[PDB]
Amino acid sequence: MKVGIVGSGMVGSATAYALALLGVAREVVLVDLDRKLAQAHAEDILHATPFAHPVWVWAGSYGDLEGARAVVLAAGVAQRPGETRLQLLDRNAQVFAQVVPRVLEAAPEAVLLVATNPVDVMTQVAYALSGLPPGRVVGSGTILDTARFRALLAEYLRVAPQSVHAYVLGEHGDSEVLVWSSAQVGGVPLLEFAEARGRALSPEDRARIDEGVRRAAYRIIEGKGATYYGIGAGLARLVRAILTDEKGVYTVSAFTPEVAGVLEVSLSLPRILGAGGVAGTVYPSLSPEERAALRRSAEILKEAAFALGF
């Protein structure tokens, strides 16, 4: 079935591309302020379809979003020199104040998947503006970082990543929490199963993995100036979760009534994703340190929200 993407820039277009190569959705509609850009991306992708899957990819207006199961909000403004993360945040909040109602007008049944950075806050803004139930608005959140964590662990232990269950929670960004505490492999505690293999996870190792997960976006942005590909494919996977009513577990950003003592904040927790959006929350055990860090992350997300008027 059908998926909308509003915001046709690098992230939007990469998401479309991934949807198309993976054969997730039958239909993909690109909507962008610059009409010509969306059309160009659409046609470029359309060129690729014959080498993967019969996906109808096209550019249109908000109205064309009718019936989309999900709409990804990838929109946002040109970064501007000598402008505080705050001013940018403001201009984007304004973009979303345009976009959300219009998307909802056409496709009142859709789930909104929020892309645009910073993702937790934008997720808050969209939840606020949508007047939908909280679970209908999902931010992409920490999924890439969680996946990378699982990957580095997998690689350390010489085990399939699929057998590694570990989480990254909180703000997607520097304050994100890697939960080492309750992490497991094959359903047994990580660090135990570390001895149980020949591989005791020195704090130095812990630190090496942390750098690996934490600084990946920074490096990507330093070398190429933006991230698209990873998130494009993550968004694709979430869109697939939504369309197949998978009810699978992903660490995503949503409005949470209370987390670690903080009230009414959007951030990433493991959540059950399916056709109506998120349908349930999974609480892994946190150590006191991790809980404290989560609490901090949430606090700071919450003050951001407040500073912006959300």
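Numbers for residues come from their place in the sequence shown, where the first is 1.
Higher mean CA temperature factor, per the PDB entry, when comparing 133-141 with 197-205: 197-205.
Higher average CA B factor: 208-216, of the stretches 208-216 and 144-152.
When the C-alpha B-factors of 301, 19, 10, 294 are ranked from the entry, the top spot goes to 301. Highest CA B-factor among the listed residues (184, 117, 162, 124): 184.
When all modelled residues of the chain are sorted by CA temperature factor, residue 230 is found within the lowest third.
Looking at the C-alpha B-factors along this chain, the one for residue 240 belongs to the lowest third. Per-chain ranking of the deposited C-alpha B factor places residue 67 in the highest third. Residue 1 sits in the highest third of its chain by CA B factor, as recorded in the PDB entry. When the CA B factors of the chain's modelled residues are split into thirds, the value for residue 112 lands in the lowest one.
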